[PDB]
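Report on the following structure.
Derivation of every value follows stated rules applied to the coordinates shown; laboratory data play no part. FYI the Cβ positions are ideal-geometry reconstructions off the backbone, even for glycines, and counts take in every protein chain you see.
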Amino acid sequence: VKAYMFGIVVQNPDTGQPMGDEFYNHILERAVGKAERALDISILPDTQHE
Amino acid sequence: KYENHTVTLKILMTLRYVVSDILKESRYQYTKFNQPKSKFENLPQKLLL
């Protein structure tokens, strides 16, 4: 994600704190969820009892 | 050969200056945006050379 934003850095203007990897992972998990709905798919390996 | 002759020259010399007064001498900003804490920065002086 940072690579695609190369040359852009995001910080809290009130502090010197940039957003940590926790937010990115959290966002990425919901992004891969959203894509999983956008096509009727399973997108990570997962056992099913059907 | 030029013991009692006159001599004249057209010459090139480097530009030079001295500060004869300091004018609008200090301008200031408490820069705070995108800083851990308030910071003081001295903005450009104007010099009368």
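Kindly establish whether B:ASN4 is on the phi > 0 side of the Ramachandran plot and not charged (D, E, K, R). Considered against the rule, which asks whether it is on the phi > 0 side of the Ramachandran plot and not charged (D, E, K, R), B:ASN4 comes out as no.
Restricting attention to the range A:25-43, and to residues there that are surrounded by 10 or more Cβ atoms within 10 Å (Cβ to Cβ) and aliphatic (A, V, I, L, M), which single residue is nearest to A:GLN11 (Cα to Cα)? The qualifying residue nearest to A:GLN11 (Cα to Cα) is A:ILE27.
What residue, of B:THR31, B:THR6, is of a type in the set (S, T, N, Q) and within 14 Å of chain A (Cβ to nearest Cβ)? So that I can check it myself, show each step before the final result.
Values: B:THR6 fails: within 14 Å of chain A (Cβ to nearest Cβ).
After applying the criteria, what remains is B:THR31.
For the range A:39-46, the criterion of being of a type in the set (D, E, K, R) and within 21 Å of B:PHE33 (Cβ to Cβ) is satisfied by no residue at all.
Is one or more of the residues making up the range A:3-24 among the hydroxyl-bearing types (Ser, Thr, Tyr), surrounded by 10 or more Cβ atoms within 10 Å (Cβ to Cβ) and assigned to a loop (DSSP other than H, G, I, E, B)? So far as the range A:3-24 goes, yes, one or more of its residues are among the hydroxyl-bearing types (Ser, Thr, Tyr), surrounded by 10 or more Cβ atoms within 10 Å (Cβ to Cβ) and assigned to a loop (DSSP other than H, G, I, E, B). Of the residues contained in the range B:2-10, one or more are found to be within 29 Å of the chain's Cα centre (by Cα) and either loosely packed, with under 10 Cβ neighbours inside 10 Å or of a type in the set (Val, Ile, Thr) (or both).
Reported count of residues in the range B:18-49, each being in contact (Cβ under 8 Å) with a residue 12 or more places away in the chain and either closer than 30 Å to A:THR15 by Cβ or among the charged types (D, E, K, R) (or both), is 13.
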